[PDB]
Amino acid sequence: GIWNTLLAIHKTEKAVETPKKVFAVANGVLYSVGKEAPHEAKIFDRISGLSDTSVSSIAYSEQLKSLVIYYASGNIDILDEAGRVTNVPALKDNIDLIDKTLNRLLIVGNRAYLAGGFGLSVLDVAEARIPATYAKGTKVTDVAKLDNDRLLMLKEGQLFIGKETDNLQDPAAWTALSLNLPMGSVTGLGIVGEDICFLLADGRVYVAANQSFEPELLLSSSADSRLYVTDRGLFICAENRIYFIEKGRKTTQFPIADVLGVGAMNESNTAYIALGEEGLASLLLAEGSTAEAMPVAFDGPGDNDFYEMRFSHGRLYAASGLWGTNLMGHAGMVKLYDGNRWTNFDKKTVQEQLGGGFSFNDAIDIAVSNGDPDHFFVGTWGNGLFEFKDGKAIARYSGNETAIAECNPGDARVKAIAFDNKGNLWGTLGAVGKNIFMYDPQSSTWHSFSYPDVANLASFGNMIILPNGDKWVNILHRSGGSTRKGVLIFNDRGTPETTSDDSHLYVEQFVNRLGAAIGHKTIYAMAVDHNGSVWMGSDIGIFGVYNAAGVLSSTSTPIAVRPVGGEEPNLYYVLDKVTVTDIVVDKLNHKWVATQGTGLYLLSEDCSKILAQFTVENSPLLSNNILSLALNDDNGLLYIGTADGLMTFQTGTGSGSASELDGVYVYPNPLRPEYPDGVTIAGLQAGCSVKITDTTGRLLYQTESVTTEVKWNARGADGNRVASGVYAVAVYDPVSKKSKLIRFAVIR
């Protein structure tokens, strides 16, 4: 399939027991795990039939053999036994309901009670509809169902009782309960047999017979303990131990630390635990039992953070770490994808491999060597330069003896790192004098310099090194209140030890043909196309400098061309005021443009015409806010680093030699009068000639392949559908000199 998601499991924050499966949530990703049988588990995304992206909680209806999926966006999905999804978007669509936070997802029979920042919602699981919302727009701390259709609600430190047979959408229908306990301190409540338990913020746990509600202290857990409600019992998870409360107030203690969720069915003797950063584990509910670990065979990225990505030597290189003026503390993470499996270098791994006092945080740029895929460098914003070699971190460069200059004692912020054609590492440093540096990995020699016009600026962006040796670096920040963010082009002229022979041009602001400013505030992305043009993206859109190699030699300020699109009477600049985060260039010299808030665009050679655009609305794209791009020129897979994780789109730009056109097909075949939209040519390769002819041979439609698909309205010039018969699709790729003749029928 054309779209795919490369999502992370990692921190299991929730767990639910199913008669034959164990559903669990890790960072918003829902997934299944087999019980008695050795796994046969499953990962569930929007591609699997789900209606939304980040899972906020789950619960199972033993009676309806269905799972309720509640999303961070307020959306609801019902996963039936057959694996059929039913959407319940009433909460998400309610604009007035501004807080979607969920506190309790209680499933009683064939009803689900959702208590959150929106109120208390009654979900009809069998019929996917919400017949009522009590306390609408008020945070409801918890919910509990009792005998004789009675419902218990904890809101604003008050406990209310109400009969479901009355109009509980009316405040007068509920009765406020005065109980001997500090109700304002109650963080959770749940029913266990003939009792109701109340957990207090200070750790205490109160128990009360459901027929009297007279509270007495059951146990004294540690402060800020968590309560997990289950049909089998209640779990009081304190720091270092759990309290399992069951019928008749039997309490069992277990030394299980950092527990985020528990799953157990009414008649189960084993509970499934969510240990977060560890994952899943099963526990036999008996005094002398240990939580036996659950296996996670799923391999994915370390996290879903793709701040910066690069594609080299048939591998993806990604940096998760965050950038800002002082937006630090994000755990360091380097992710490498083989095309099948992941390799993750996290904060702890790197610190152990190198040893000592440094923090390995905010990894923000990658630089891969030419010829050695396992030899790459990583720039951390605050912790220095890192050398990776043969699957381990072999060195950390920061401070004295190194050219990695520190802006503060122990603070070296490294961004815009790249390698030259000669195998040297060029890079820039933030908030220091000798800004620009070079490292010879072979001779292990260092050289740093700067140009007064660019020296001591807060932060640079990314570096592109043109074939003639020119180095382009974008300016992300000078200082607090400075608009002097441009681009610096420079050539060291083979001697990184001197500036005396260098050529450089600092272009604070670019101009058009008429000598006016473009108007860009910041340059976020830069790309060299096949026509020797440096296409750059900014806060006000995209624009390219033609013959970029001659800028240092030219006798004028470089001219930037803002692409012009649309028909002759109605023209415009291709995406004005749209913040462009990344640019990648096709085998066809077409441009893949990532934007902050308006999805993904595919533009023509000169960026004049939009060839395609993908958003959350029109495509399986996870988020309209894309942070990075990377393209596998060999199999045509474009990696899309969205704010909500990694995705891949088959561009059809692949260098797949044999059987490349063996996959072309038309659907629907035959084309019946009840199918109005027309036909779709699929399994193509971008850049292909596609022509439709009658059995005679006269062409009726002709195009080039944009993506993997081409569409035909299947009608004549008169707008009425084309006559019955056998039509033919001739596909020719100019590159391989091979053709594909496929036929489809139009029937009465």
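Don't overthink the numbering: it's just position in the shown sequence, from 1.
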message: When the Cα temperature factors in the entry are averaged, is it 50 to 58 or 695 to 703 that ends up higher?
response: 695 to 703
task: Using the B-factors recorded in the PDB entry, average over the C-alpha atoms of 91 to 99 and of 632 to 640, then report which stretch comes out higher.
output: 91 to 99
task: Quick one: which of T187, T483, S221, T251 shows the highest Cα temperature factor in the PDB entry?
output: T483
query: Whose CA atom has the top B-factor in the entry, of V140, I465, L105, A293?
result: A293
field: Relative C-alpha B-factor of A37, binned into the chain's lowest, middle or highest third
entry: highest
query: Once the chain's modelled residues are ordered by C-alpha B factor and cut into thirds, is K163 in the lowest, middle or highest one?
result: lowest
message: Splitting the chain's C-alpha B-factors into thirds, which one does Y31 fall into?
response: highest
- request: Just say lowest, middle or highest third for the CA B-factor of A297 relative to the other modelled residues in its chain.
  value: highest
message: For the chain shown, is the CA B-factor of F118 in the lowest, middle or highest third of its modelled residues?
response: lowest
